[PDB]
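As a starting point, one isolated chain is supplied in structure tokens, in the form deposited in one PDB entry.
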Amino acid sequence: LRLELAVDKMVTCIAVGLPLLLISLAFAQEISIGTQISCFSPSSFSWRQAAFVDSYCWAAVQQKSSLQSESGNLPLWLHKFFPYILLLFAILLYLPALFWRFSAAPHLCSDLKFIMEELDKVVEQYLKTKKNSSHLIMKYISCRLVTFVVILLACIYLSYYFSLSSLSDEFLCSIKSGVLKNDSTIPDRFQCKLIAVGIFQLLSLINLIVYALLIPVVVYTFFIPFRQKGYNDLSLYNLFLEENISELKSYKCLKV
């Protein structure tokens, strides 16, 4: 028996898998390249001093006092945490489906089975009572609206992230804080690079295109009365029946 429509499950699967697939590709590239940041330290620096510079600048991306970037410090904030936000979007998009299957799936399952059993025998009072009620349709529309809002916010974020200048992956960092402040052997600023930024912007473009094409599909899902071929549980039950009526032989015989 089906408790989720084909278009809804397609949308959920795309919106959840795509961010995770892109995260997997980004992680593979990260392990392949070996570093998400690289700083140019002097040749007098030993290997561990250069590694300290790299790690300090990586940790200093989130600190105001030791950075200088032409695009501002917000772009450098986002480059470091890009995969985290993608997984956050994936979880937030997967949750509404989880809540629907936990809460409303069983009640709709029972109602559909009861309707299909009263059908195949001919229940009008049951259908009219559902027409009066607006319980399940409210849950369905609320879940779809949460999904739509999450997708819209993801589109806004990915459009902003892709908007960041390609040279936003460069920044100047200073390690001369604390005891190192008066170290005359350390240069004042180090030129750093965020290596993965180039991958992240193309991944954001891909996800943005997919979500922009997916938004109209989600919008079409709200017009539940129009999909049926007012806003009441009767309308949603009708849609589920038509998507499910293929399993009722009597329906096919009547169609003939």
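So that there is no doubt, residue numbering starts at 1 and follows the sequence shown. If you superpose the two forms and keep the largest set of C-alpha atoms that fall within 1.5 Å, you have the rigid core.
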Requested in this report: Between residue 229 and residue 230, count the deposited residues left without coordinates and pick a bin: none, 1 to 3, 4 to 9, 10 or more.
Outcome: 10 or more
Query raised in the report: Which fits the stretch between residue 179 and residue 180: none, 1 to 3, 4 to 9, or 10 or more deposited residues lacking coordinates?
Result: none
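One more form of this protein, deposited in another entry, exists but is not displayed; see below.
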Requested in this report: Taking the rigid core as the superposition reference, indicate whether the CA of residue 29 shifts 2 angstroms or more between this form and the one not shown.
Outcome: yes
Requested in this report: Based on a C-alpha change of 3 angstroms or more, tell me if residue 32 and residue 196 lie closer or farther in that other deposited form than in the shown form.
Outcome: closer
Query raised in the report: Closer or farther: the CA pair residue 32/residue 159 in that other deposited form, versus this form, with a change of 3 Å or more?
Result: closer
